[PDB]
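K.L.:
below: the sequence, then the experimentally determined structure.
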Amino acid sequence: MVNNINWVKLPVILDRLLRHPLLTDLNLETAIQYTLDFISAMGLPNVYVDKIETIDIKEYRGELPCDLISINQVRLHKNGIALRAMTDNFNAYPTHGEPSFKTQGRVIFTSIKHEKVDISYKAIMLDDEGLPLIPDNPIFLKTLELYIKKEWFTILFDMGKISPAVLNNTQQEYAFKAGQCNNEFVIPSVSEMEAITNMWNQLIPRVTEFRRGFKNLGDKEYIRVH
Amino acid sequence: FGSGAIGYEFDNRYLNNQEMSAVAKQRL
């Protein structure tokens, strides 16, 4: 992403929506739900807060943080070796290898009995109130505005309180701004293209940056001169 | 005698129906 994620409070979107006379029954309560829906539907990883938090494994099981949404990595605390996805169907079940993990709810199922594991996860940036905090990018703001307007107009169209042409226009505009917002947050910046370039050109390919925390992924590959 | 309750609402409904036809002919 080229631009920086400067955070602003949620009613910034209600400042802009309520300019429309047909959206004056919208509320913070509705904006919260539709904002969370938009955040998930776009799935942008720059909108989440990166956190690292250690936990203990009692026996092939560990308690997971409260605010976790998605895991970047899990690794062993003492070695630093990363874990992979668990493909085993009988992990801690005995009868009569490398470490891996599997997470469903508040519980992470590892293949290790008693160790500390480090989890690098993504959460939502919250407010002084326990509420979501949105980027102030006017592209993001316009796209979220258009998302909420599209949902409200879809309800009102299901009633027959909006013309089909009005909803068709709203859907067209939301679709274009959704694509544009997707490209805004995903296209790398200059530093991210230097990292991608140093990942791309290897005379000797590097294929083991998962073992580390992808630390050396964008490190330049130097060849000595002979 | 007179009373415009049913008359007014039927006229309003007629106007709403040609309203919907007119807007349903609108295309971007």
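P.N.:
Good, I have the coordinates. Numbering: from 1, shown residues only, chains lettered A, B, ... in the order given.
K.L.:
what about residue A:112, how many neighbours?
P.N.:
Using other CB atoms under 10 Å in any protein chain shown, residue A:112 has 17 other residues around it. Heads up, the C-betas are built off the backbone N, CA and C, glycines and all.
K.L.:
distance of the nearest residue to it once chain neighbours are set aside relative to residue A:154?
P.N.:
Once flanking residues are discounted, residue A:112 sits nearest to residue A:99: 5.2 Å by CB to CB, 6 or more residues apart in numbering or on different chains. Using CB to CB, to the nearest Å, residue A:99 is found at 47 Å from residue A:154.
K.L.:
more neighbours, those two?
P.N.:
Counted by other CB under 10 Å, residue A:99 and residue A:154 do not tie: residue A:99 has more neighbours, with 19 against 13.
K.L.:
contacting residues for the more buried one?
P.N.:
By CB atoms under 8 Å, 6 or more residues apart in numbering or on different chains, the contact set of residue A:99 is A:76, A:81, A:83, A:84, A:110, A:111, A:112.
K.L.:
okay, the residues you listed in CSV with secondary structure next?
P.N.:
Listed next are those as CSV, based on DSSP: H, G, I helix; E, B strand; the rest coil:
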residue, secondary structure
A:76, strand
A:81, coil
A:83, coil
A:84, strand
A:110, strand
A:111, coil
A:112, coil
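K.L.:
would you turn those residues into CSV with distance to residue A:189?
P.N.:
Putting the contacts of residue A:99 into CSV (distance: CB to CB, whole Å) gives the following:
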residue, distance to residue A:189
A:76, 32
A:81, 31
A:83, 30
A:84, 30
A:110, 35
A:111, 38
A:112, 38
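K.L.:
which of those residues count as buried?
P.N.:
Those of these that meet the buried threshold are A:76, A:83, A:110, A:111, A:112, by 16 or more other CB atoms under 10 Å in any protein chain shown.
K.L.:
would you point out the most distant pair within these?
P.N.:
Checked with CB to CB, the buried ones among the contacts of residue A:99 reach their widest spread between A:76 and A:111, with 11.1 Å between them.
K.L.:
just the CA atoms of stretch A:85-92, as PDB, please.
P.N.:
Listed next in PDB are the C-alpha coordinates belonging to stretch A:85-92 (Å, rounded to 0.1, in the frame of the first residue of the first chain):
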ATOM      1  CA  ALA A  85      -0.700 -26.700   8.900                       C
ATOM      2  CA  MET A  86      -1.600 -30.000  10.400                       C
ATOM      3  CA  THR A  87      -2.700 -32.600   7.800                       C
ATOM      4  CA  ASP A  88      -2.700 -35.500  10.300                       C
ATOM      5  CA  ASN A  89      -6.200 -37.000  11.100                       C
ATOM      6  CA  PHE A  90      -5.100 -38.700  14.400                       C
ATOM      7  CA  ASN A  91      -2.800 -36.000  15.900                       C
ATOM      8  CA  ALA A  92      -2.700 -36.700  19.700                       C
END
